[PDB]
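**Student:** My questions will all concern the structure given below.
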Ligand code: CLA
Ligand code: CLA
Ligand code: CLA
Ligand code: CLA
Ligand code: CLA
Ligand code: HEC
Ligand SMILES: CC1=C(/C=C/C(C)=C/C=C/C(C)=C/C=C/C=C(C)/C=C/C=C(C)/C=C/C2=C(C)CCCC2(C)C)C(C)(C)CCC1
Ligand SMILES: CC1=C(/C=C/C(C)=C/C=C/C(C)=C/C=C/C=C(C)/C=C/C=C(C)/C=C/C2=C(C)CCCC2(C)C)C(C)(C)CCC1
Ligand SMILES: CC1=C(/C=C/C(C)=C/C=C/C(C)=C/C=C/C=C(C)/C=C/C=C(C)/C=C/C2=C(C)CCCC2(C)C)C(C)(C)CCC1
Ligand code: OEY
Ligand SMILES: [Cl-]
Ligand SMILES: [Cl-]
Ligand SMILES: [Fe+2]
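Residue numbers (the deposited numbering), protein chains in the order written: chain C, 32 to 473; chain J, 5 to 40; chain F, 12 to 45; chain V, 1 to 137; chain A, 11 to 344; chain E, 3 to 84; chain D, 12 to 352.
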């Protein structure tokens, strides 16, 4: 009894048609990933930084070690091509299967086969489908391990000499590190799982999650929900969808912070500098310039009485001054050579800054992730000229929006699934209004 | 009375706007008003 | 049996006719170079 | 007002010879300056060293004088400090340093003339705005 | 008859004058903490080095503020996004100087408010209602998250979250316009449309229902006494109201289905305020309003100003002056 | 529910409707187009062309500064272009 | 049954667009105001009055086009096409800003027409005239902002110009010069607009989630009949809910819907009064106690003093370009500026 605008709710109990819808929808996702990569490649110019070019897919591929060499220089675009083509081709197959099951295929599965057919209230069947996909997901995570250890490695922004592609031979297995991250605070200087800053920990966590997902898939194939879970949840398709909505929302919020703060699995070489990074780089830039003119940056008092170039953090570390004091938790490969045990080392600042570090600071400062909707780069008072919005702003903003609506989608479908399950989603029964049988409040 | 199906009139009005509006966005990057 | 020309008829064309004229004017404008 | 050959006539060197660009060259120059230079020099300032702008009066007091096509073309090959006392190709884009500034790899000699031409024209059009900063936006 | 089952039964009781519920078990303490700390800080808190530059701003009534100027001031820029609970300070003296109460108040409040939204789902379930009033409240909730949490996360500091005070609010707006050109952002424009239209349709609907009240009273009594709580008969004539509105505009621009009308009322401001919360939340990552600065130039290349450039002149005056002692380098990157 | 005018759904799906309007709608669009492309719109309304905001060596607004001589003032500026 | 009653008959016939006697005033004025604005933003410059481009023809987009106000030199001239300024020359009329007064005045009489239309239709249909009454708030706002405010000032030049960005500039002007956010009459306007939007959303949501089950389908919209006598949602359950969530709830549907009229209408009336004061520069600019202390005590800083520095920046940085008739020349050294920026 749904209206056209709620028309896909007509599929709830048509498993063969609902299968075609998912598989056709999976084809669109594969299609876009293929089309968009090729579109990016056709536009790519290798002499420009990726992040002056509106690229978000090519950086995800470079980061896996394909096509790049030392310092993120693109050496070979053919891998990019291959990824686009293969996705694009594969979408026709998913497309084919989706429209077949959606139009011609059996409308319902449970008569054609007892294996593929399902009933949402069959808690056992449901947890078996769950277990199958968990095993898939665990295999997925191990592919990333396989790449990193056996098939060429991964791009490492922290490698010596500019960063470079590196095979990971000692992935971190120590659970105290791996789950250590999951118990770090999400606040500044800690940053929960977003602070992961080396490929050993990245690959080791994927070994773990791969094992955990396979273990859990086998667990869920072999078992049925215990009574306490039986009585805690709503067991319906719309309830299950609302659970996944909640989870995707949470993941979207996390990915937003990952791309905004993390410069390890989003190398700044490809994505542009982070906000903190660019801000730190501005202080570095003027520290350098002023010191070449003879300024003693260690002993320069700023207008506030705090140091103009260098000051202390609240726990004592020597950090960049000005408003960037907020960003002193920033860590990046162009800066760390200057850190000593107490923070920035004044003797290395006076003696050991290298031209490449001058270059990289000047470059990141002039590529801060600020820009207008119409891609005028920089603060909102800048004149037109520079056509630039960071990949990072594009990826962070889009995913905050998506993550938000999915939380709204979670609330919508969770509340409805509860009400439908108890039988009052279509409204209040006039002849049995619960408030009219309750005593008055006063 | 009903000789033209309404959905077709709707589809073709539809692209009619998409074209005029897309021209107007193209024009934001060409010529007057493009900053160039 | 309906009438063609009505008050409604006039209200509509009093808006629709200048609209298309302005749209053509505004379309031409996109090809003006400085 | 319009983009006349008077405004498109800029000095070629210090000897006083001059050269008239075309509107094609100017727009080519503006495009290439945007591609290669505006990230630091938008509107004729220098975001990473505001004390040195691209005003013609400033280029003229540079050593080698830089207020002419030749001086600008040489600067893009072998940039020096304002007193000319040191070469700075390792921290400033140039053809000498196109290994480390990859946007300079595909610039031809004629691209340089246009970039240089745009820099010398633009203050004739904008006035104080070129190199003046936000005060003049 | 078990002790826990009896507790569960009071928690979830529909007879409590105010509904507690499981979300209420978190909401009650967190909002109490935030309320009590707010009231005391607003009255007596000493000045706070909001911008980390050892330049304390006085926010409370006893330090020379009035109701309009007072505020609980954001925590120091020197803290950035670090967690600063009381037990992380050497003393309350230090916590107060560095803005500790702002953090205490907003974290408890965002929690309690989030639980406020859950509580609306929960009671709706206990009373046999449909469930989506909480979805309407997610619009203001999202907006508070944006100015108290999201925007500081993207800018790297709670010192740039919104102050808890009337004038502090205006300071946040002016600084925001200078750095994000928020007026020229479509998501703010939609928020204005959701909020102007919200007020519009509030007045419209209130006037249309009020216009078609059925005569039930004399002129010496409030017409309001023509309605008795819980009467089954509607108290106005929707066909008369549609007959007026459809003629004021034209027939098909008027609702005669009360359900579609009231759903319209819910949707328009909710959706507009989602967008404007999303606008704040996306300008938190510096994807700013449209920039048409110097977009029109003449045949020679002279700049021809538009109203957008004038806006920019205003924006620059806001830029150059804000936090006038806090910037040592020429770009305010965050 | 109806006031006697012919329903729109019935008109815009009618063949006679589209017979007339497949001429009138393009005719109007072309006319609008030509108002601009011929330059007539500039002249009717007084709008400067890209070449005529300023005289060549000039960056002063020709701002109207008198109330009753304002008409003559604008013409004084327009003649400072010819 | 002479001509006048025959004409009344025709004006009041039930047709797709009711005309009425009010239509004679409303329809020409509304249409000319609408047409003047579309004409001006498509084709007409603001070069001679403001030194701005402002039409599609000139390279502007939907956000930057405007029908701008006349030059400050026009004072409050009515700028009649046949008046002494334009002297019947259409082209000069356009270049001097005549289209602005054209739109303002015709809009004003169109607004009158519309409110008379609400009166007329309500008398014919037999309902009470509360929608007309509510519309007094938009009228008050419009005359106070577009007519009274510039009439207290030096010229129409300082009225709002009809344009998206031009109105944005009007907002910022009022902050920098009038400190309008500090004005309790505006604050009451804010609480009325935001209070209305809240009432709007909370009332629609409530009804939609206390619906009675009156049909069998998942679309609850089909289960309403406009001639049914029964209320379509439970006021009793709605009241319980809000009583237990918020502590208090509406219990009287008549009060509730009158309250929805009251809140936004009152809020707008209040902001209009504030704007009448600003006509005279009667601002809520300062708190004297705050300034006495701050001048004497240079460690004393509030959000109040911080916002006035911002106002001072706005004034100095926008005045020369926004008020070109004043020929303000502010050398670099006099512009107020924090460190570095
Ligand atoms: C990803 C988007 C998506 C997907 C996959 C689906 C899928 C589906 N919908 Mg939903 N729907 C959607 C969006 C989507 N919908 C939207 C946006 C709306 C709002 C308008 C609706 C409204 C809606 C309604 C109202 C109903 C559905 C129904 C259905 C199902 C039956 C379709 C049918 O009988 O069509 C028949 C249509 C055709 C035969 C026309 C041609 C369609 C084909 C598939 C186009 C494919 C084109 C492609 C280029 C071909 C390449 C093939 C190549 C690879 C070989 C189907 C599984 C129906 C349902 O639930 O049935 C119980 C139903 O009643 N949908
Ligand atoms: C997850 C998605 C999904 C699911 C659950 C189903 C499920 C089903 N399909 Mg559909 N189908 C799918 C995708 C899917 N299919 C795709 C992608 C296509 C296009 C190729 C089709 C085309 C299709 C047709 C043409 C027909 C079905 C039919 C059926 C039924 C029986 C199939 C059978 O006996 O398997 C046989 C088992 C095998 C062939 C197992 C061998 C291993 C598989 C095929 C390879 C797996 C590789 C890997 C996991 C994925 C690809 C790698 C890639 C990442 C590069 C069953 C209900 C039939 C039906 O309903 O008849 C009435 C039928 O006629 N399907
Ligand atoms: C897609 C993933 C997925 C999904 C949907 C499920 C779903 C389910 N699992 Mg399975 N499970 C999975 C993966 C998954 N599982 C994996 C990978 C494993 C292997 C480790 C298991 C191991 C497992 C066991 C051992 C059991 C289940 C059980 C269940 C059922 C009850 C779950 C429950 O009450 O959670 C609700 C969870 C809680 C009430 C506890 C929350 C504890 C977390 C860590 C608190 C932290 C919250 C914090 C805000 C989030 C940040 C994380 C933090 C650590 C940093 C349900 C069907 C139960 C069942 O009935 O099985 C038959 C059961 O006993 N699962
Ligand atoms: C995994 C994602 C997912 C899935 C599978 C569903 C599935 C479903 N939803 Mg939920 N939903 C989701 C996410 C999801 N939802 C999110 C994120 C939200 C919050 C936004 C909602 C909010 C929501 C509501 C409010 C309702 C549903 C309903 C439903 C059912 C019918 C929906 C339908 O027919 O759509 C039909 C599709 C349309 C009408 C098309 C909508 C078009 C969108 C709004 C425009 C977006 C344009 C985009 C930004 C790009 C702009 C570019 C331009 C060129 C177009 C179906 C069970 C209905 C329900 O309860 O039924 C049980 C219902 O009333 N959904
Ligand atoms: C009801 C419709 C209506 C209303 C109220 C207005 C109102 C107005 N118009 Mg608009 N106008 C209208 C329709 C309307 N107009 C139409 C239909 C057109 C298109 C043709 C225009 C075109 C238009 C232009 C082009 C201009 C106006 C202007 C004005 C303003 C000045 C009018 C004035 O001075 O009148 C003076 C005249 C009267 C008040 C008429 C009074 C008649 C009395 C009662 C009888 C007098 C007897 C007579 C003189 C005897 C004749 C003698 C003979 C035998 C020798 C005013 C706001 C001006 C404006 O906006 O300023 C910028 C302007 O320039 N109007
Ligand atoms: C695109 C190829 C260009 C061109 C044509 C120029 N630059 Fe730069 N520039 C930068 C810095 C920090 C300085 C000061 C150098 C110093 O003296 O230490 C300069 C200087 C110049 C000049 C000289 C100006 C003068 O008044 O003498 C010129 C003519 C010049 N540049 C031209 C910084 C940058 C960049 C930062 C990454 C980038 C990119 C460019 N410049 C690019 C270009
Ligand atoms: C059911 C349904 C639906 C859905 C649908 C879908 C969603 C579908 C999908 C499907 C798909 C998803 C599709 C895909 C396709 C694809 C294709 C068909 C492919 C092709 C390819 C090609 C051909 C390629 C080629 C190439 C190469 C190889 C190289 C490079 C170049 C090129 C590119 C050329 C709808 C809603 C509509 C409606 C209702 C029903
Ligand atoms: C990969 C990687 C890694 C790792 C990771 C990991 C290992 C993960 C983990 C994760 C996990 C481990 C997670 C978990 C989560 C959980 C959750 C999320 C839960 C939740 C729950 C809930 C949701 C509940 C609810 C409820 C309640 C509370 C009551 C009753 C009812 C219910 C059930 C509803 C690292 C970082 C090292 C590095 C990089 C990469
Ligand atoms: C002033 C004047 C006058 C008058 C005039 C007029 C009356 C005018 C008219 C005019 C007009 C009457 C105009 C029109 C135009 C229109 C237009 C220009 C339109 C636009 C459109 C659009 C662009 C849209 C689009 C869209 C979108 C975007 C989305 C949705 C869909 C649509 C389609 C809606 C006279 C002569 C008396 C004299 C005096 C002066
Ligand atoms: O706008 Mn301007 O940018 Ca965001 O930081 Mn840099 O200055 Mn300061 O502390 Mn509050 O405020
Ligand atoms: Cl400030
Ligand atoms: Cl700084
Ligand atoms: Fe109502």
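Here a beta-carbon is modelled for each residue, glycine too, at the ideal position from N, C-alpha and C.
Can you look up residue 260(D) in the DSSP assignment and give me helix, strand or coil?
**Tutor:** Along the seventh chain, read from residue 1 onward, the residue named residue 260(D) stands at position 249. Residue 260(D) falls in the coil class under three-state DSSP.
**Student:** For residue 166(C), which of 151(C), 248(C) and 232(C) has the nearest alpha-carbon?
**Tutor:** By 1-based counting over the first chain, the position of residue 166(C) is 135. Residue 166(C) has its Cα closest to that of 248(C), out of 151(C), 248(C) and 232(C).
**Student:** Assess, as a yes-or-no matter, whether the stretch 279–288 of chain A is touched by the stretch 194–203 of chain A under the definition of 3 or more beta carbon pairs within less than 8 Å.
**Tutor:** yes
**Student:** Using 8 Å as the limit for Cβ to Cβ distance, is residue 38(F) near chain J?
**Tutor:** Against the third chain, residue 38(F) aligns to sequence position 27. True, the Cβ-Cβ gap to chain J drops below 8 Å.
**Student:** Across which residues does DSSP place residue 174(D) in a beta bridge pair?
**Tutor:** For this step, residue 174(D) is matched to residue 163 along the seventh chain. DSSP lists 77(D) as partners of residue 174(D).
**Student:** Does any residue of chain E have a CB that is nearer than 8 Å to the CB of residue 59(D)?
**Tutor:** Taking the seventh chain and counting its residues from 1, the one referred to as residue 59(D) is at position 48. So, interface residue.
**Student:** Please check the pair residue 195(A) and residue 299(A), which I expect to be a contact at CB under 8 Å, by giving their CB distance rounded to whole angstroms.
**Tutor:** On the fifth chain, position 185 is the one that residue 195(A) refers to. On the fifth chain, position 289 is the one that residue 299(A) refers to. Contact annotation, residue 195(A) with residue 299(A): C-beta distance approximately 3 Å; criterion of less than 8 Å satisfied.
**Student:** Between the stretch 231–243 of chain A and the stretch 205–213 of chain D, do three or more beta carbon pairs fall short of 8 Å?
**Tutor:** Short answer: they don't touch.
**Student:** With DSSP run on the structure shown, which of helix, strand or coil describes residue 197(C)?
**Tutor:** Locating residue 197(C) in the first chain gives position 166, counting from the first residue. Residue 197(C) carries a strand assignment under DSSP once its states are collapsed to helix, strand and coil.
**Student:** Quick check on this structure: which residue in 103(A), 113(A), 78(A) and 88(A) has the alpha carbon closest to the alpha carbon of residue 94(A)?
**Tutor:** Sequence index remark: in the fifth chain, residue 94(A) carries index 84 (1-based). Comparing Cα positions, the closest option is 113(A).
**Student:** Under the criterion of a Cβ to heavy atom distance below 7 Å, does residue 159(C) qualify as lining ligand 3?
**Tutor:** Within the first chain, the letter at position 128 stands for residue 159(C). Residue 159(C) Cβ: outside cutoff for every heavy atom of ligand 3.
**Student:** Measuring only the C-alpha atoms, how far is residue 91(A) from residue 220(C)?
**Tutor:** If you number the fifth chain from 1, residue 91(A) lands on position 81. If you number the first chain from 1, residue 220(C) lands on position 189. Spanning the two alpha carbons is a distance of roughly 8 Å.
**Student:** Which residue marks the beginning of the alpha helix (DSSP H) containing residue 31(V), and which one marks its end?
**Tutor:** Sequence index remark: in the fourth chain, residue 31(V) carries index 31 (1-based). Where residue 31(V) is concerned, the enclosing alpha helix (DSSP H) starts and stops at 23–36.
**Student:** Measure the C-alpha to C-alpha separation of residue 69(E) and residue 166(D) and round it to an integer number of angstroms.
**Tutor:** For the purposes of this step, residue 69(E) is taken as the residue at position 67 of the sixth chain. For the purposes of this step, residue 166(D) is taken as the residue at position 155 of the seventh chain. Cα-Cα distance, rounded: 11 Å.
**Student:** If you draw a straight line from the alpha carbon of residue 25(J) to that of residue 68(C), how long is it in whole angstroms?
**Tutor:** Taking the second chain and counting its residues from 1, the one referred to as residue 25(J) is at position 21. Taking the first chain and counting its residues from 1, the one referred to as residue 68(C) is at position 37. Distance between the alpha carbons of residue 25(J) and residue 68(C) is about 27 Å.
**Student:** Shortest alpha-carbon distance to residue 50(E) belongs to which of 68(D), 181(D), 94(D) and 351(D)?
**Tutor:** The residue you call residue 50(E) lines up with position 48 of the sixth chain. If we check each option's Cα against that of residue 50(E), 68(D) comes out closest.
**Student:** Using three-state DSSP, classify residue 351(C) as helix, strand or coil.
**Tutor:** As a first step, residue 351(C) must be located in the first chain, where it is residue number 320. Correct three-state label for residue 351(C): strand.
**Student:** If you draw a straight line from the C-alpha of residue 82(V) to the C-alpha of residue 15(V), how long is it?
**Tutor:** Mapped onto the fourth chain, residue 82(V) falls at position 82. Mapped onto the fourth chain, residue 15(V) falls at position 15. Taking the straight line joining both Cα atoms gives about 21 Å.
**Student:** Beta-carbon of residue 433(C) versus every beta-carbon of chain D: anything under 8 Å?
**Tutor:** As a first step, residue 433(C) must be located in the first chain, where it is residue number 402. Residue 433(C) has a beta carbon lying at 8 Å or more from every beta carbon in chain D.
**Student:** For residue 342(C), which residues does DSSP report across the bridge?
**Tutor:** On the first chain, position 311 is the one that residue 342(C) refers to. DSSP, once it has assigned bridges, lists 350(C) as partnering residue 342(C).
**Student:** Starting from the beta carbon of residue 17(F), find every residue of chain E whose beta carbon is closer than 8 Å, and list them in chain order.
**Tutor:** By 1-based counting over the third chain, the position of residue 17(F) is 6. Those within 8 Å of residue 17(F) in chain E are 7.
**Student:** Less than 7 Å between C-beta atoms, sequence neighbours within five positions excluded: which residues of the same chain meet that for residue 449(C)?
**Tutor:** As a first step, residue 449(C) must be located in the first chain, where it is residue number 418. Closer than 7 Å at Cβ, skipping near neighbours: 265.
**Student:** Going by Cα to Cα distance, which pick from 74(E), 56(E) and 63(E) is closest to residue 83(E)?
**Tutor:** Along the sixth chain, one-based indexing puts residue 83(E) at 81. When only C-alpha atoms are compared, the closest one is 56(E).
**Student:** Report the option in 129(C), 388(C), 354(C) and 360(C) whose CA atom is closest to the CA atom of residue 366(C).
**Tutor:** If you number the first chain from 1, residue 366(C) lands on position 335. Residue 366(C) has its Cα closest to that of 388(C), out of 129(C), 388(C), 354(C) and 360(C).
**Student:** Identify the continuous alpha helix (DSSP H) that holds residue 31(F) and give its terminal residues.
**Tutor:** Taking the third chain and counting its residues from 1, one reaches residue 31(F) at position 20. From DSSP, the alpha helix (DSSP H) with residue 31(F) extends over 18–40.
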